[PDB]
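Chains as they are written, first to last, in the working numbering: chain A, 127 to 151; chain B, 10 to 224; chain C, 12 to 141. The C-beta atom is built at its ideal place from N, Cα and C for all residues, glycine as well.
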Amino acid sequence: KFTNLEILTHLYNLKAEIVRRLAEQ
Amino acid sequence: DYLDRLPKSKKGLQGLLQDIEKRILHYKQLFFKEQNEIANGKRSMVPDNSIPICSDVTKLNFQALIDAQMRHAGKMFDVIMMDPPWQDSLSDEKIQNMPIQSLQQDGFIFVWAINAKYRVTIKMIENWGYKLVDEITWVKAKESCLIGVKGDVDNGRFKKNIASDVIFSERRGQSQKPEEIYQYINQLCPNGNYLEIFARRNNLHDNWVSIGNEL
Amino acid sequence: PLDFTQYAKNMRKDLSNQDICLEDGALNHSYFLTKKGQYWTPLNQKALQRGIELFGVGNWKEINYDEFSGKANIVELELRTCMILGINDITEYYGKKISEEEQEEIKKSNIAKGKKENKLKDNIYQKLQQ
Ligand SMILES: C[S@@+](CC[C@H](N)C(=O)[O-])C[C@H]1O[C@@H](n2cnc3c(N)ncnc32)[C@H](O)[C@@H]1O
Numbered sequence: 127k128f129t130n131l132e133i134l135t136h137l138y139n140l141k142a143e144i145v146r147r148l149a150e151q
Numbered sequence: 010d011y012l013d014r015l016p017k018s019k020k021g022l023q024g025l026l027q028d029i030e031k032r033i034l035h036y037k038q039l040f041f042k043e044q045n046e047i048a049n050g051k052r053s054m055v056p057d058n059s060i061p062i063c064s065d066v067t068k069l070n071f072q073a074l075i076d077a078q079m080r081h082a083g084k085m086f087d088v089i090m091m092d093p094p095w096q097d098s099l100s101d102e103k104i105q106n107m108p109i110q111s112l113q114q115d116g117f118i119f120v121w122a123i124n125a126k127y128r129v130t131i132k133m134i135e136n137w138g139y140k141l142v143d144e145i146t147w148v149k150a151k152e153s154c155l156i157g158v159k160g161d162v163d164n165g166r167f168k169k170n171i172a173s174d175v176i177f178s179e180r181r182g183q184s185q186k187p188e189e190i191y192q193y194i195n196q197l198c199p200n201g202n203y204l205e206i207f208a209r210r211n212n213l214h215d216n217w218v219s220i221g222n223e224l
Numbered sequence: 012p013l014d015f016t017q018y019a020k021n022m023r024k025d026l027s028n029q030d031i032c033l034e035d036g037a038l039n040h041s042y043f044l045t046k047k048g049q050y051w052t053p054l055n056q057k058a059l060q061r062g063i064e065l066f067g068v069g070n071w072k073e074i075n076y077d078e079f080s081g082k083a084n085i086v087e088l089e090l091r092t093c094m095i096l097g098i099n100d101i102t103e104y105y106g107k108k109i110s111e112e113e114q115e116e117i118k119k120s121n122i123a124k125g126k127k128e129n130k131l132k133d134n135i136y137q138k139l140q141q
């Protein structure tokens, strides 16, 4: 099971990847 | 990330970014509330008398323990328990090399062995000077805990009568070692100093020196 | 005549790591409430506060560099400062080099700011509400 930190890490990294595809457009 | 489960349309990507923002606010307040509680000041599941040591047994100097042991207990250990990471993993030899002859003068050993390294343990601890005695068998599927003894257990310290050697899983489909064995010891030595090598935070019981890279 | 409560502390001082026992010798339960390898030492909280003066609020990459030699979590910085500024969203404070003495004022002013509007939780003012 994840911790609160690990979840926030995935969420930020995810946010960066999507912001990258939103900017790629 | 993963790249193939992710959306590629604008409508799909904006929608996903909107839901992540909401979710970061959620796991933010859960992390502030977690840290504040821990901060002022929560209590862990660890008993107060436990004695954790995060170290690598290859790198660790056992003499530092030996000296600080004599300094405080006035004696070497009564019972030593192991769950070697057979081959995260340690070469079968490395563990073999460990100086466990230094660490205990008179008392018992408990080594956990899988069927593949069952024979190896016997001659591993006959090297350590221990005399093979008894086997505790755990039923979840089988795993065997091998017992040995060196020197003198004639002393009144130890209690010859044994809690039944057999033991069962506290839960169903469980992988951590069961707690009952820590009471088998407690019947065999009550309030005796005990060492655990390859320990884990859920192996932290009081009266126990626990050495593990994951503590 | 072997006292185990004293034998425990007396061992923990000489063998356990600095994070596991207080110099007191008692057990540091804060260490076991966080997974192994994600504990936040106090030498790390002072390292962060120091980084805010030299590199500002926004540059986590640069701070992780100097104070944590590239080993700390950018997002754990990003959050631990929210707790320093007692606010859930620190977009406003991006790029401001903030002195350690200005941080407590900014925290106290945001807690009290939070307390007044009943938009405060967990010593943190939530200026972003969902
Ligand atoms: C399989 S576990 C034993 C679990 C333990 N019996 C319990 O209470 O559940 C062995 C552990 O020893 C630790 N370990 C691995 N390599 C090590 C090394 N080289 N030195 C010391 N500890 C090690 C690891 O954390 C590994 O999980």
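I want to verify the contact list: residues of chain A whose CB lies under 8 Å from the CB of B:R32, in sequence order.
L137
What does A:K141 touch in chain B if you count any residue whose Cβ is under 8 Å from its own?
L26, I29, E30 and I33
In this structure, does DSSP put B:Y191 in helix, strand or coil?
helix
Against chain C, with Cβ distances strictly below 9 Å, would A:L134 count as a contact?
yes
Would you please state the rounded distance, in angstroms, between the beta carbons of C:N121 and C:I98? I believe it to be under 8 Å.
5 Å
Sufficient close CB pairs (3 or more, under 8 Å) joining the stretch 22 to 36 of chain B to the stretch 12 to 19 of chain C
no
Should C:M22 be labelled buried (16 or more other beta-carbon atoms within 10 Å of its own) or exposed?
buried
Check this for me: beta carbons of B:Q183 and B:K151, under 9 Å apart or not?
no
Starting from B:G221, trace the beta strand (DSSP E) both ways and give me its first and last residue.
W217 to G221
Starting from C:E87, find everything on chain A with Cβ-Cβ shorter than 7 Å and list it in chain order.
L131
Return the CA-CA distance between B:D92 and C:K127, expressed in angstroms with no decimal places.
56 Å
Using only alpha-carbon positions, find the residue among B:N222, B:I156 and B:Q113 that is nearest to B:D87.
B:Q113
Using 8 Å as the cut-off, classify the Cβ of B:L99 as near or not near the heavy atoms of ligand 1, replying yes or no.
yes
Assuming the contact rule is C-beta atoms closer than 8 Å, B:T130 and B:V120 should be a hit. Round their C-beta distance to whole Å, please.
5 Å
Which chain C residues are close to B:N124, counting only those with a beta carbon under 8 Å from its beta carbon?
Chain C residues near B:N124: none, gap ~29 Å exceeds 8 Å.
Starting from the C-beta of C:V68, find all residues in its chain whose C-beta is less than 7 Å away, skip the five residues before and the five after it, and write them out in chain order.
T92, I101, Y104, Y105, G106, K107 and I109
In chain A, what lies closer than 8 Å to C:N84 by C-beta?
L131 and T135
If we count Cβ pairs, one from each stretch, closer than 8 Å, do we get three or more for the stretch 45 to 54 of chain B versus the stretch 24 to 44 of chain C?
yes
Taking 9 Å as the threshold (beta carbon to beta carbon), is B:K17 in contact with chain A?
yes
Within chain B, the residues that C:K47 reaches when beta carbons sit closer than 8 Å
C63, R210, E223 and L224
Taking C-alpha atoms, which residue in B:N222, B:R166, B:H214 and B:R209 lies nearest to B:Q196?
B:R166
Along the chain, which unbroken stretches of the alpha helix (DSSP H) at least 4 residues long are found entirely within the stretch 39 to 99 of chain B?
71 to 82
Which of helix, strand or coil does DSSP assign to B:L224?
coil
Spatial distance of B:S98 from B:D65 (CA atoms)
11 Å
Given 8 Å as the limit, tell me if B:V66 has its C-beta closer than that to any heavy atom belonging to ligand 1.
yes
Distance cutoff 9 Å, beta carbons only. Does B:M54 sit that close to anything in chain C?
yes
Return the first residue and the last residue of the beta strand (DSSP E) that B:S153 is part of.
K151 to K159
Would you call A:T135 buried or exposed, if buried means 16 or more other Cβ atoms sit within 10 Å of its Cβ?
buried
What residues from chain C crowd round B:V66, counting only those whose CB sits closer than 7 Å?
In chain order: nothing, as chain C lies at least about 13 Å away.
Between the Cα of B:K186 and those of B:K68, B:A122 and B:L74, spot the shortest distance and give me the residue it belongs to.
B:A122
Do B:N106 and ligand 1 come close, with the Cβ less than 8 Å from some heavy atom?
no
If you measure between the beta carbons of B:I109 and B:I134, is that distance less than 9 Å?
yes
Would you say A:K127 touches ligand 1, meaning its beta carbon is less than 8 Å from a heavy atom?
no
Around the C-beta of B:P61, are 16 or more other C-beta atoms found within 10 angstroms, so that it is buried, or is it exposed?
buried
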